[PDB]
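The chain below stands alone, shown as structure tokens; this is the form deposited in one PDB entry.
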């Protein structure tokens, strides 16, 4: 009917938190319902490992790390996550001849440094790490099934292409669900390659159609489908990937399983722009995660991303201009934990009075209110900027209470623990 349709999961038997997430399939905020129980099957597109990672990559993976911590630590969902490592790619192939070291040896180098940068930022590793080099055989069988479903064709040179026209014809299949308006050997220019016949002096793999490499998009559909299956609760990535990469993943997986909805919720992180231009290796405006870590700490970098809503675009000001606010917040969190611990330590039950005073009750009321504010923020599509503000306000009032008033030791311990619980959800470490 010229409009793509979206089927919300049924609510019976599912964990309902009334969480709302910005879903790129509906281009709106919708209630999140698991496919099965409280389980969330989640695939996230990974890096292409030919170079150092930069602050833009940090934005995406730290942002979805925070969302993952919110889902699992805060809401107690059960998340099964997969991230691919794209270790075969044209950029890796070209760089390996420039570097005069093996392609595989170059790919491990930058995958290792990528995971070390993620660990440095306190990013949790996914459940499964799926490398393209280890899945080429699975990829080929995936392409075969797409061909048997008559949604792909083979060129004489030995490449394989996705037949978009055959895909559209089916009433159950719509091409480019998320960006409908973004649309030689080929039937049509809009067809894309699943298998590429191998260029000379290029790494290659055996296949029924000839020596070749996987195409850009087939890696993700194959790996995600083998481990997670015919329905994905969440698929994530940066916004630039929405078309053509993610829409093509949907086309390949729908073609493979012959069904209409491979993914219930598609989440796209907004881009990090430096001076109004996206941070890209090509532009030469980029800042490596390692350089960033020599001036600033993991907490400060995470606070930078906490201050910017995950699905919005953000602008980083270099020379620490944007980092000035972050350093202030990290400095005050550190000082807070210092004080409240000294006051808990020096508290003496025998000499203090433990009457529940009016000052105590006022702080307690603010403490329970702040718990409910933060809960609404997380339900409001992971509004970490406002949740972080709630904690700062609560800390300002705790500082006043501790300085003057007589302190209820138990109340202060409870508040320290809640703030610890929220900071663990953020990935901050104090």
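Numbering follows the first chain given and starts at 1. Rigid core (definition): largest C-alpha set, two forms, superposition within 1.5 Å. Shifts are known only where both forms have a C-alpha.
Modelling of residue 184 is missing from a third or more of the other compared entries in which both of its neighbours are modelled. In the deposited sequence, the stretch from residue 183 to residue 184 hides 10 or more residues that have no coordinates. 349 to 357 and 119 to 127 differ in mean CA B-factor, and the higher of the two is recorded for 349 to 357. Taking only CA atoms, the mean B-factor in the PDB entry is higher for 192 to 200 than for the other of 192 to 200 and 302 to 310. Of the candidates 246, 168, 109, 76, the one whose C-alpha carries the top B factor in the deposited record is 168. In this PDB entry, the Cα temperature factor of residue 391 sits in the middle third of its chain's modelled residues. Residue 412: CA B factor lies in the middle third for its chain, per the PDB record. Residue-level temperature factors show residue 60 in the lowest third of its chain, judged at the C-alpha atom. When the CA B factors of the chain's modelled residues are split into thirds, the value for residue 35 lands in the lowest one. Per the deposited record, the Cα B-factor of residue 87 falls in the lowest third when ranked against the other modelled residues of its chain.
The form deposited in another entry exists for this protein as well; it is not shown, and the discussion that follows is about that form.
Superposing the rigid core between the shown form and the other one leaves a single residue from 357, 288, 332, 280 with a C-alpha shift of at least 2 Å: 280. Identified as moving between the shown form and the other one on the superposed core are the stretches 98 to 101, 279 to 283, each made of at least three consecutive residues whose Cα atoms shift by 2 Å or more.
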